[PDB]
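With TSV, C-alpha atoms inside, this is start-v9.tsv:
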chain	number	residue	atom	x	y	z
I	151	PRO	CA	0.00	0.00	0.00
I	152	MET	CA	2.35	2.73	1.22
I	153	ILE	CA	5.42	0.73	0.22
I	154	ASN	CA	3.90	0.29	-3.26
I	155	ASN	CA	3.88	4.09	-3.56
I	156	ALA	CA	7.66	4.08	-3.16
I	157	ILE	CA	7.77	1.39	-5.85
I	158	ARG	CA	5.56	3.40	-8.22
I	159	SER	CA	7.52	6.60	-7.55
I	160	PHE	CA	10.87	4.92	-8.19
I	161	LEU	CA	9.93	3.10	-11.39
I	162	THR	CA	8.49	6.34	-12.76
I	163	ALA	CA	11.54	8.24	-11.52
I	164	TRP	CA	13.92	6.29	-13.72
I	165	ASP	CA	11.51	5.97	-16.66
I	166	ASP	CA	11.11	9.74	-17.08
I	167	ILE	CA	14.89	10.14	-16.96
I	168	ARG	CA	15.26	7.26	-19.44
I	169	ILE	CA	12.78	8.68	-21.97
I	170	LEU	CA	14.61	12.02	-21.68
I	171	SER	CA	17.23	10.73	-24.12
I	172	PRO	CA	17.90	10.82	-27.86
I	173	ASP	CA	17.03	7.77	-29.92
I	174	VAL	CA	19.82	5.19	-30.03
I	175	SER	CA	20.00	2.98	-33.13
I	176	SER	CA	22.33	2.15	-36.00
I	177	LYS	CA	21.23	5.39	-37.68
I	178	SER	CA	23.10	7.32	-34.98
I	179	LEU	CA	26.21	5.29	-35.82
I	180	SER	CA	26.11	6.36	-39.46
I	181	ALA	CA	25.14	9.93	-38.53
I	182	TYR	CA	28.16	10.17	-36.25
I	183	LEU	CA	30.30	8.60	-38.96
I	184	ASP	CA	29.05	11.17	-41.49
I	185	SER	CA	30.79	13.89	-39.46
I	186	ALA	CA	34.15	12.16	-40.02
I	187	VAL	CA	33.60	11.99	-43.80
I	188	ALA	CA	33.18	15.67	-44.70
I	189	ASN	CA	36.46	16.77	-43.08
I	190	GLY	CA	38.55	14.94	-45.65
I	191	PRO	CA	41.46	16.46	-47.54
I	192	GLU	CA	41.60	15.87	-51.26
I	193	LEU	CA	44.90	14.16	-52.04
I	194	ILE	CA	44.25	12.24	-55.25
I	195	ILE	CA	44.19	15.05	-57.80
O	1007	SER	CA	0.67	14.79	-8.42
O	1008	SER	CA	3.93	13.03	-7.50
O	1009	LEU	CA	2.56	11.54	-4.28
O	1010	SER	CA	-0.57	10.99	-6.41
O	1011	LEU	CA	-3.52	11.12	-4.03
O	1012	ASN	CA	-5.40	14.34	-4.86
O	1013	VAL	CA	-5.68	17.04	-7.51
O	1014	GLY	CA	-6.67	20.67	-6.96
O	1015	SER	CA	-7.62	20.00	-3.33
O	1016	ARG	CA	-8.22	22.88	-0.94
O	1017	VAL	CA	-5.27	23.33	1.43
O	1018	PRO	CA	-5.31	26.45	3.66
O	1019	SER	CA	-2.54	28.59	2.20
O	1020	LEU	CA	-2.13	32.31	2.85
O	1021	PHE	CA	-3.53	33.12	-0.59
O	1022	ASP	CA	-6.89	31.90	0.70
O	1023	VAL	CA	-6.77	34.75	3.24
O	1024	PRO	CA	-7.39	37.63	0.77
O	1025	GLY	CA	-10.05	35.32	-0.63
O	1026	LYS	CA	-11.31	34.88	2.93
O	1027	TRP	CA	-11.21	38.59	3.79
O	1028	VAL	CA	-12.72	40.09	0.63
O	1029	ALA	CA	-15.53	37.51	0.58
O	1030	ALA	CA	-16.14	38.46	4.23
O	1031	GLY	CA	-16.95	41.97	3.02
O	1032	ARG	CA	-19.51	41.16	0.33
O	1033	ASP	CA	-21.45	38.83	2.64
O	1034	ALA	CA	-22.96	41.84	4.44
O	1035	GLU	CA	-23.68	43.54	1.10
O	1036	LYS	CA	-27.23	43.19	-0.20
O	1037	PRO	CA	-27.22	40.65	-3.06
O	1038	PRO	CA	-28.79	41.49	-6.42
O	1039	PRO	CA	-31.99	39.72	-7.55
O	1040	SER	CA	-29.90	37.79	-10.08
O	1041	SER	CA	-27.93	36.24	-7.21
O	1042	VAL	CA	-30.96	35.46	-5.03
O	1043	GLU	CA	-32.87	33.69	-7.82
O	1044	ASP	CA	-29.72	31.75	-8.73
O	1045	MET	CA	-29.49	30.79	-5.06
O	1046	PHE	CA	-33.22	30.07	-5.09
O	1047	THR	CA	-33.22	27.86	-8.19
O	1048	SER	CA	-30.24	25.92	-6.84
O	1049	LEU	CA	-32.37	25.00	-3.81
O	1050	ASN	CA	-35.17	23.38	-5.82
O	1051	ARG	CA	-32.65	21.61	-8.06
O	1052	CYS	CA	-30.88	20.31	-4.94
O	1053	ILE	CA	-34.10	19.02	-3.35
O	1054	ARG	CA	-35.56	17.34	-6.43
O	1055	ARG	CA	-32.37	15.74	-7.67
O	1056	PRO	CA	-32.31	11.91	-7.74
O	1057	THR	CA	-29.05	11.63	-5.78
O	1058	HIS	CA	-30.39	9.23	-3.15
O	1059	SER	CA	-27.03	8.46	-1.54
O	1060	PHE	CA	-25.44	9.96	1.55
O	1061	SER	CA	-21.94	11.36	1.71
O	1062	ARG	CA	-19.10	8.87	1.49
O	1063	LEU	CA	-18.45	9.16	5.25
O	1064	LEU	CA	-21.97	8.42	6.49
O	1065	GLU	CA	-22.07	5.57	3.97
O	1066	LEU	CA	-18.95	4.35	5.76
O	1067	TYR	CA	-20.20	5.19	9.25
O	1068	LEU	CA	-23.23	2.91	8.88
O	1069	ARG	CA	-21.02	-0.18	8.66
O	1070	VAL	CA	-20.24	0.38	12.34
O	1071	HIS	CA	-23.01	-0.96	14.56
O	1072	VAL	CA	-22.78	0.27	18.14
O	1073	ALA	CA	-24.90	-1.02	21.01

Show this structure as structure tokens.
Amino acid sequence: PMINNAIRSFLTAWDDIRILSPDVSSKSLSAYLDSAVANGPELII
Amino acid sequence: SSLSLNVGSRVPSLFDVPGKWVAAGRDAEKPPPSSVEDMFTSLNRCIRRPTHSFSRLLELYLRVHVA
């Protein structure tokens, strides 16, 4: 009853902090890797 | 909302006190006939309404049988 309120408060404490996050997927891996592509010197001219 | 038991409940803060004082000035003022009839019509609506239940304390008091 009262101890379940501490359960409900805690599981909604971490869930709100967890959903306050950017989306993590393999798209973020390619989007981070796109930043390392554009700063490339042209050597083969 | 975090402790999650009530919403908008009346708790006696000090901002009720200008609401308590100013409403204690218009109580002695003569009400208009628009206010009396609105008070009057709310009586007949309160009497004739089909709410045939008590308050949720007296409905809980009547479980207790004393002798």

Counting all atoms listed in the file, what is within 10 Å of range 1009-1019 of chain O, bar same-chain residues fewer than 2 positions away, as a list in words?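 Listed by chain and then number, they are residues 155, 156, 158 and 159 of chain I; 1007, 1021, 1022 and 1023 of chain O.
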
Have a look at CA of residue 1051 in chain O and CA of residue 1025 in chain O and let me know their distance in Å, one decimal. 27.5 Å

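Note that CA of residue 167 in chain I and CA of residue 179 in chain I are 22.5 Å apart.
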
To one decimal place in Å, what is the distance between CA of residue 1008 in chain O and CA of residue 168 in chain I?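 Atom-to-atom, CA of residue 1008 in chain O and CA of residue 168 in chain I are spaced 17.4 Å apart.
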
Rank I:185, I:171, I:176, I:162 by their smallest atom-to-atom distance to chain O, using only C-alpha atoms, and report the top residue only.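 Among the listed residues, I:162 lies closest to chain O.
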
Would you compute the box with edges along x, y and z of the file around range 171-187 of chain I, including every atom the file lists for it and 6 Å extra on each side, and give its centre and edge lengths in Å to one decimal, as lines of an AutoDock Vina configuration file?
center_x = 25.6
center_y = 8.0
center_z = -34.0
size_x = 29.1
size_y = 23.7
size_z = 31.7

Could N, CA and C atoms be built for range 1031-1050 of chain O and written out as a compact mmCIF listing (two decimals), in the frame of the given file?
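The file below, result03.txt, is the result:
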# COMPACT_ATOMS: atom_id res chain seq x y z
N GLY O 1031 -16.46 40.62 3.13
CA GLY O 1031 -16.95 41.97 3.02
C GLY O 1031 -18.22 42.05 2.19
N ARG O 1032 -18.32 41.20 1.17
CA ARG O 1032 -19.51 41.16 0.33
C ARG O 1032 -20.62 40.29 0.90
N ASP O 1033 -20.38 39.61 2.02
CA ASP O 1033 -21.45 38.83 2.64
C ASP O 1033 -22.48 39.73 3.32
N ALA O 1034 -22.05 40.87 3.86
CA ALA O 1034 -22.96 41.84 4.44
C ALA O 1034 -23.61 42.73 3.39
N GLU O 1035 -23.09 42.75 2.17
CA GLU O 1035 -23.68 43.54 1.10
C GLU O 1035 -24.97 42.88 0.62
N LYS O 1036 -25.96 43.70 0.30
CA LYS O 1036 -27.23 43.19 -0.20
C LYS O 1036 -27.04 42.56 -1.58
N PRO O 1037 -27.43 41.30 -1.77
CA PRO O 1037 -27.22 40.65 -3.06
C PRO O 1037 -28.21 41.15 -4.09
N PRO O 1038 -27.85 41.11 -5.37
CA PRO O 1038 -28.79 41.49 -6.42
C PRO O 1038 -29.86 40.42 -6.61
N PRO O 1039 -30.98 40.75 -7.26
CA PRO O 1039 -31.99 39.72 -7.55
C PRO O 1039 -31.53 38.63 -8.50
N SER O 1040 -30.47 38.87 -9.28
CA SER O 1040 -29.90 37.79 -10.08
C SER O 1040 -29.21 36.75 -9.21
N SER O 1041 -28.62 37.18 -8.09
CA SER O 1041 -27.93 36.24 -7.21
C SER O 1041 -28.90 35.48 -6.32
N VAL O 1042 -30.01 36.11 -5.92
CA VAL O 1042 -30.96 35.46 -5.03
C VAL O 1042 -31.71 34.36 -5.78
N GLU O 1043 -32.17 34.67 -7.00
CA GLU O 1043 -32.87 33.69 -7.82
C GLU O 1043 -31.96 32.54 -8.23
N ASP O 1044 -30.68 32.82 -8.46
CA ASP O 1044 -29.72 31.75 -8.73
C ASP O 1044 -29.50 30.90 -7.48
N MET O 1045 -29.50 31.54 -6.31
CA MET O 1045 -29.49 30.79 -5.06
C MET O 1045 -30.81 30.07 -4.84
N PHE O 1046 -31.91 30.67 -5.30
CA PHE O 1046 -33.22 30.07 -5.09
C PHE O 1046 -33.43 28.86 -5.98
N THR O 1047 -33.03 28.96 -7.25
CA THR O 1047 -33.22 27.86 -8.19
C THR O 1047 -32.31 26.69 -7.84
N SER O 1048 -31.14 26.97 -7.28
CA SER O 1048 -30.24 25.92 -6.84
C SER O 1048 -30.78 25.16 -5.64
N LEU O 1049 -31.72 25.74 -4.89
CA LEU O 1049 -32.37 25.00 -3.81
C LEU O 1049 -33.30 23.93 -4.36
N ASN O 1050 -34.17 24.31 -5.30
CA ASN O 1050 -35.17 23.38 -5.82
C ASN O 1050 -34.52 22.31 -6.69
